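Some notes on the structure that comes next.
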Amino acid sequence: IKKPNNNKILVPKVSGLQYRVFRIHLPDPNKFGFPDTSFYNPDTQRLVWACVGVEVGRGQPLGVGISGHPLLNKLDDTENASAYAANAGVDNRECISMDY
Amino acid sequence: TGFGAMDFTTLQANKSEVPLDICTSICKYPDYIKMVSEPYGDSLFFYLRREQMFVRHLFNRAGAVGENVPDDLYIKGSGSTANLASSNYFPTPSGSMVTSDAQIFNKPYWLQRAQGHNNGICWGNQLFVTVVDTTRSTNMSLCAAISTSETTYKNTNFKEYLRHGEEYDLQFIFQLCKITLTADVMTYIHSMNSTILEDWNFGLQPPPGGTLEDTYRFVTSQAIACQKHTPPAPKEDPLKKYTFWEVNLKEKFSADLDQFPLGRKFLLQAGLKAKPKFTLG
Amino acid sequence: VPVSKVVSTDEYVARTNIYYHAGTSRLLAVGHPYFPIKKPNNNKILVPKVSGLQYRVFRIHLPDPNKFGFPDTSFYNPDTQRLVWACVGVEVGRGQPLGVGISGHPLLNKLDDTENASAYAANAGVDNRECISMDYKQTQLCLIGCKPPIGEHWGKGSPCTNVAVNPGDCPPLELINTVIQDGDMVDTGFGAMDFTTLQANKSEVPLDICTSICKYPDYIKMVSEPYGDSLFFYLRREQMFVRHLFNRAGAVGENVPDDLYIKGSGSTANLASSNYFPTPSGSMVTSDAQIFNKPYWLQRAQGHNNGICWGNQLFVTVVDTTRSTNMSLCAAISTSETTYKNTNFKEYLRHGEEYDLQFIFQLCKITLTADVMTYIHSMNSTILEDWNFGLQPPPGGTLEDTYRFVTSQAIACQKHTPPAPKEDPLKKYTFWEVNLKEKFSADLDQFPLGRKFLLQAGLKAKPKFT
Amino acid sequence: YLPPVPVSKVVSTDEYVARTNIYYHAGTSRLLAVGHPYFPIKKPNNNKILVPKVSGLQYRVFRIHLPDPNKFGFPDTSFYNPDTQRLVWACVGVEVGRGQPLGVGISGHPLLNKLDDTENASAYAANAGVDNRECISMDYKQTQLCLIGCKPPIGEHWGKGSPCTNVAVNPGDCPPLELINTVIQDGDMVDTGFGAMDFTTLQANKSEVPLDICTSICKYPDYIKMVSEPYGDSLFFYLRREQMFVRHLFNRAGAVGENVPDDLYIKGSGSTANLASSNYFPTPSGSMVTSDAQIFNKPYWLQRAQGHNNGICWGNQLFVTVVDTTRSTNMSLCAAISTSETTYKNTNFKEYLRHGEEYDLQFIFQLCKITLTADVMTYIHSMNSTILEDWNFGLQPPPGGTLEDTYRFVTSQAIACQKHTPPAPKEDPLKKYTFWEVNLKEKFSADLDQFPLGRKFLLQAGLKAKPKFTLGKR
Amino acid sequence: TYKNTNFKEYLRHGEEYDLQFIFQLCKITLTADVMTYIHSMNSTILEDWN
């Protein structure tokens, strides 16, 4: 959503069908306070983290959401057609939604 | 979404073939064949996926036929069927029942051995968690009344809206690892990624010249020169042209593992219970 | 000074080998599935609202194990020790047959069926509302803990002091946490939102949730609370698919950006409504996917509270959308006629629920030393107040002067006698309070869950016949 | 409870703060500040500050922020036990670098309340007319100081008091004086030879002292109060070097509020019938600035602080108050309205004023351990509660939890708020004061010999880094 | 404004493959009986080995 005369986003776009790429930032282990620190010489060694386990929590209830176009380019339903239709005029578009 | 992994903005000037969800977007599919065949295995070292779909409805497309049906594929009709209906079919996708059993999330994942050569090492103090979840995409439809006085329903009185809310919570268990940088390991790391060593140390008599930057006070005013972002600094993230959901865990590390659900799950998995201090139980 | 780092109950709570069985007789509840019936003049409830999609939050009351008269109490010292109940087993029995009930609205805000349109929809008028019904999302859950559960839903918040709110603007959302109560509606496929505030239409969702607040259990917050009291066990199953795809009717509150589509001409000049909503459907219910009617042995709880029922309490939250069959009754206004007339019969709806709970409690002794006392007092103070030990008697005595003739007019007014009892902190909430104080029994062999527990533990009964 | 009894006296930090042999170097890069010496150049329509006030007569209170050592990682792993001990920084060395050349900068008032020059007067002039003010400038008294503490400094000045509700006050009466104690903030004017007084309140004339101090408070550090405080937090050590001589003896025009008694003189005649104004005021002058008399550009090693706090930087904080009027040259820069002219014209050139300060602070800190037993805990709590609280030592998790809800786009519409208006948790009470906040959280380095103060400290201690190269010495 | 005759519709389909094998070297001691058996099985085998 954005107000037409401006170009500032009032409501962003948050759908269930987007990639959620999180970019975690970990503390620099070479500047850390452990139970003991002189376990590694800063002049010939360096520290780094390793991912040992992970859990992605999810909060909202399960559910399927549907989307569609108010003007979707469909001519006719070809699944089961009783007879031959008419000929395509101008702007045969339709309002059609679908679960992904 | 069931319409292909294509660029709908440039490949479909119609702007009406696919829903508003991906009418002008790019639908991207993860390149597992390329992310796995990478030499160092940095881009991915653990992945899960579920994806199901069936064809709900079968439709047609309107528009000028781009490529005609070859005349040796059908026998020419006459009458209503003298002009061919459009053979540009497209299926309406449908992801079927969602279930609590087939869920990938809300479960702990112990990275015992990675897929490639990078066995879970978060180089550069960085981690990327990509998540798609089309099983919680309920769009909450909510309306507002412009006139609270009316006691007869009128469509022109209520303004309809659509909303969607996501909720995430990421928990990790990290392990401190130490790397002894000898000549061999240093040259191997410099071959793998030079930014790694350029970010720690090991070769920099830093400049031969001074690196003292003199910062101004009240740097918004118009009494000084031009102190605003004009020359760059070691601000150069190579991933700055990309927009990720940033998560800063620099202040959220904690060695008291049994105080958090994933921490005590990790303990219970490794045995490794905390030492009981309170006398006798 | 005292301590940090919440510790497991397995460190200060010492278990015994004394097990007790407690169980409710049979819990029935009849009512109306959609709304509660009430008299026109009064507001006394004649027939309550008993739906298959409500939360059943049972508040169990256990007898104080410190006032149990044991034959040889030499196994604990009431001078330095106190007792508590640990929940070792549980079974949530369900009675009615498997079935799916449907709800609907006589005036639901639905424009048309946008699944497959034969032609572009004609003009929109006034009051395009239809009568649409739907079976909801399927759900089962069972949460057990010593504190009431915590729910989540989206609600209306107050906007900032930055934007001018015009009449008809979209209400801002906010994730609100609440205590799930007995009679709160579970989420049904339309989300966990506050339908009373977020939809002034009053016609967007069916009748039983059009004014209610559909809540979802907040597992992210319940498992992450420090002491782990709200839940130390939970199961859940839920399935849903989109049955029908519909459209909304009303003034479009947010227009489609003009760079998403190509402007129409004639029939397709006015944009059809782009507010869509699917009707949920929980598909086939099966006896193979049943959570209930099974014994649950709580060996290792999820949190640090390993099943200790502090304060002699226990909350069992249950949702079962698998036995939501609404029975359709009917009464004849006159029993004489020999021909059917729609005006001759009064149609009704009724829903009946049936529960039966059983638990196996283990007695545990807490030896209250100084640091144990300080830890328990920091964790919960009403514990060390319920158990006579703390609050040593600060003041001394004081004369009250006890005027002899209190109702005479030669002295002042002696009135005081002020206080009414002020105990219940959970008085504001409504639960299905189950009283198991006169229901404890040490003869586990004589009860179904008791003998299931014996069989699972080994421990056959002592033989009586040669 | 509590087998020991509370210690009734203040003890020196050398009794519970254990010092380690781990030293760190911290340093700002270079702190510049350009502005106007006399007043802030505000907009004509708005009151946004375009060029701030940056003079040589101002207090410069830096609020140094150190990194939390309870979240670090020294060449050790578990040298400290986080359940019983907590770490804290102790300042053991400082050096306040100064950048610009030495020099003196004058100031003045276009309309200064000066009647006549009573130094060497020729004869008796007539009484004052109307608006007898002149354009007079003066160089102030010369000052340098360096206060270092772990709490902000504490100034002193004479303000206006509330007269007792027994006297009948008429308009124009003399305002009663009262010595006010206030925390010195960055930008407060240092006294200049006219006293440590409130000039906005005590002089409604607005026309007696020069432009930089005519509407501002001139504070003096309250050493009497700062060294006599119980715990000694706001003063580890200090330096001061002030000097002034009276240059010109002047007068002051206006209604004589208190007349000379008819006992102290003999009534005159003729031109001496009415007494000339006897409200004399001198013009200060801080004399020659020299390089041998500098307080700055030298290292200052803290062997023993003045009070009981022996250099411990409680709350991971440190304050460096710096004044010096020995580098206060205002640069006089002008501009041309038109470059096409080939002659001179006073209306062709617009003149301006500027002043640029340059600092560079370097420190040397030393990690310290505080084994928080019972009595040490009670002491640290009674001394300062926020010390023992801002490191969460004796606290369990509350039964509720701390699961924040963060929205990824917090500016957007239709999420209820920015959600964080109220400053409830961990708000230091210095919300109210303005300091030159210096952030040394990313500037600590254990490589001492790589920095100038680092190798100065190594020399003073007698050490040197172990060689990276073999024989070849000298 | 949208017009059916203004837009040409096409269909496309793209396949993506990636084949990986692990081969093992094998030796054949070509005696008389083995040679006769391989010659009965397939003689071009015994031909392409010269």
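Each reported figure results from applying straightforward, stated rules to the coordinates on display, with no laboratory input. Here Cβ is always computed from backbone atoms with ideal geometry, including for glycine, and neighbour counts include all displayed protein chains.
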(message) As an exercise, use a Förster radius of 22 Å and the Cβ-Cβ distance of residue B:106 and residue E:13 to find the FRET efficiency, rounded to the nearest 0.05.
(response) 0.05
(request) Report, in cubic angstrom per residue, the convex hull volume of the C-alpha atoms of region D:123-217. (result) 157 Å³
(request) Please name which of D:424, B:146, B:69 has its Cα lying farthest along the dipole of the protein assembly as shown towards the positive end, using unit charges on Cβ (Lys, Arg +1; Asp, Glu -1) and the Cα centre as origin. (result) D:424
(request) Go through region B:188-281 and name the chymotrypsin sites (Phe, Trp or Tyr not before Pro) that are in a DSSP coil and have 14 or fewer other Cβ atoms within 10 Å of their Cβ. (result) B:202, B:242, B:253
(request) Tell me the label-point distance for the pair residue D:451, residue B:184, using the 7 Å Cα-to-Cβ offset, in nm and rounded to one decimal. (result) 3.8 nm
(request) Arrange the following residues from fewest to most other Cβ atoms within 10 Å of their Cβ: C:391, C:271. (result) C:391, C:271
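Let me know the charge dipole size of the protein assembly as shown about its Cα centre in debye, to the nearest 20, where only the beta-carbon of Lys, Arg (+1) and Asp, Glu (-1) is charged. Could you put the intermediate results ahead of the total?
Numbers: 132 positive and 137 negative charges, 228 e Å.
Its charge dipole is roughly 1100 debye.
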(request) For a footprinting-style exposure proxy, rank D:298, D:369, D:114 by other Cβ within 10 Å, fewest first. (result) D:298, D:369, D:114
(request) Shielding by partners for B:190-201, please: the mean number of other protein chain Cβ atoms within 10 Å of each residue's Cβ. (result) 1
(request) Grab the beta carbon distance between residue B:132 and residue C:27, set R0 = 41 Å, and tell me the FRET efficiency rounded to 0.05. (result) 0.45
(message) What does the structure give for B:253-261 when I average, per residue, the other chain Cβ atoms found within 10 Å of the residue Cβ?
(response) 5
(request) Could you work out how far apart the two model spin labels at residue C:426 and residue D:335 are, taking each label as a point 7 Å from the Cα in the direction of the beta carbon, and quote it in nm? (result) 7.4 nm
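If you put +1 on each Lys and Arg Cβ and -1 on each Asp and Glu Cβ, how big is the dipole of chain D around its Cα centre, in Debye rounded to 20? Mind showing how you got there, number by number?
Values: 46 positive and 46 negative charges, 335 e Å.
Around 1600 debye, computed over chain D.
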(message) Sort D:360-368, B:142-150 by packing, meaning the average of other beta carbons within 10 Å per residue, with the highest value first.
(response) D:360-368, B:142-150
(message) Projecting each Cα onto the charge dipole of the protein assembly as shown (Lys/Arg +1, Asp/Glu -1 at the beta carbon, about the Cα centre), which of D:364, B:210, B:79 comes out farthest on the positive side?
(response) D:364
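Let me confirm one metric for peptide E:6-18, namely the mean number of other chain beta-carbon atoms within 10 Å of its residues' beta-carbons.
On the way: counts 7, 13, 7, 17, 7, 7, 3, 1, 3, 0, 4, 1, 5.
Shielding by partners across E:6-18 averages 6.
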(request) Normalise the Debye intensity by I(0) for region D:40-197, one equal point scatterer per Cα, no solvent, then take log10 at q = 0.09, 0.12, 0.15, 0.20 Å⁻¹ and round to two decimals. (result) -0.62, -0.94, -1.21, -1.41
(request) Please list, in chain and number order, the residues 5+ apart from residue A:96 or on another chain whose amide H is under 5 Å from its amide H, with Hs placed from the backbone. (result) A:69, A:72
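Within 10 Å of each candidate Cβ there may be at most 13 other Cβ atoms; applying that plus a DSSP loop requirement, which GluC sites (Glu not before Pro) in region B:1-106 survive?
Numbers: sites: B:17, B:51, B:67; in loops: B:17, B:51, B:67.
Here the GluC sites (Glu not before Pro) that fit, given the DSSP loop and packing criteria, are B:51, B:67.
For region C:170-322, what percent of Cα pairs sit more than 20 Å apart?
On the way: 7639 of 11628 pairs.
Roughly 66 percent, once rounded to a whole number.
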(request) Two decimals is fine: what is log10 I(q)/I(0) at q = 0.07, 0.10, 0.15 Å⁻¹ for region B:1-270, from a Debye sum with one equal scatterer on every Cα and no solvent? (result) -0.55, -0.96, -1.37
(request) Considering only A:56, A:14, A:64, give the residue with the highest GNM mean-square fluctuation for chain A, with springs between Cα atoms whenever their separation is below 10 Å. (result) A:56
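Which of the GluC sites (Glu not before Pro) found in region B:193-237 are loop residues per DSSP with 11 or fewer other Cβ atoms within 10 Å of their Cβ?
On the way: sites: B:198, B:213, B:236; in loops: B:213, B:236.
Answer by residue number: B:213, B:236.
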(request) Would you compute the Debye intensity of region D:278-355 from its alpha-carbon atoms alone, equal scatterers and no solvent, and pass along log10 I(q)/I(0) at q = 0.11, 0.13, 0.15, 0.27 Å⁻¹ to two decimals? (result) -0.70, -0.81, -0.89, -1.34
(request) Report, please, the projected area of the protein assembly as shown averaged over directions, based on the convex hull of its C-alpha atoms, in nm². (result) 102.4 nm²
(message) A 29 angstrom limit on the alpha carbon distance is what I want to check against. Which of B:277/C:460; C:202/C:346; B:273/C:365 exceed it?
(response) B:277/C:460
(request) Return one quarter of the surface area of the convex hull spanned by the alpha-carbon atoms of region B:228-268, equal to its mean projected area, in nm². (result) 5.3 nm²
(request) Calculate one ³J(HN,Hα) per residue across region A:76-92 by plugging θ = phi - 60° into the Karplus curve 6.51 cos²θ - 1.76 cosθ + 1.60, and present them in order as whole Hz with x for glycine and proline. (result) 8, 6, 9, 5, 9, 10, 4, 7, 5, 7, 7, 9, 4, x, 10, 6, 7
(message) Checking the cross-link filter: which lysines have an alpha carbon closer than 16 Å to that of residue D:114, excluding same-chain neighbours under 8 positions apart?
(response) D:206
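Report the charge-dipole magnitude of region B:148-230 in Debye, nearest 20, computed about the Cα centre from +1 at each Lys and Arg Cβ and -1 at each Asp and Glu Cβ.
Values: 6 positive and 10 negative charges, 63 e Å.
Roughly 300 debye for region B:148-230.
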(message) From the phi angles alone, apply the Karplus equation (6.51, -1.76, 1.60; θ = phi - 60°) to region D:122-129 and give each ³J(HN,Hα) in whole Hz, x where the residue is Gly or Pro.
(response) 7, 8, 8, 8, 5, 5, 5, x
(message) Could you compute Rg(Cα) / (2.2 N^0.38 Å) for region C:360-466, with N its residue count?
(response) 1.94
(message) Rounded, prolate or oblate, given the Cα gyration tensor of region B:194-248, with a/c below 1.5 counting as rounded?
(response) oblate
(request) Determine, from the Cβ-Cβ distance of residue C:244 and residue C:345 and an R0 of 41 Å, the FRET efficiency 1/(1 + (r/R0)^6), rounded to the nearest 0.05. (result) 0.85
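Counting other beta carbons within 10 Å of each Cβ, put D:191, D:117, E:18 in order, fewest first. Show your work: numbers first, answer last.
Numbers: D:191 25, D:117 12, E:18 9.
Exposure proxy ranking, most exposed first: E:18, D:117, D:191.
Go through D:225-232, C:168-175 and give me the packing order, highest mean Cβ count within 10 Å leading.
C:168-175, D:225-232
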(message) More than 31 angstrom separation, counting every C-alpha pair in chain D; what % is that?
(response) 58 percent
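Over the alpha-carbon set of region D:119-164, divide Rg by the Kirkwood Rh and report the Rg/Rh ratio to two decimals. Let's see the in-between values first.
Details: Rg = 20.8 Å, Rh = 17.5 Å.
Ratio value, two decimals: 1.19.
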(request) Could you state, as a whole-number percent, how many of the C-alpha pairs of region C:353-415 are farther apart than 14 Å? (result) 76 percent
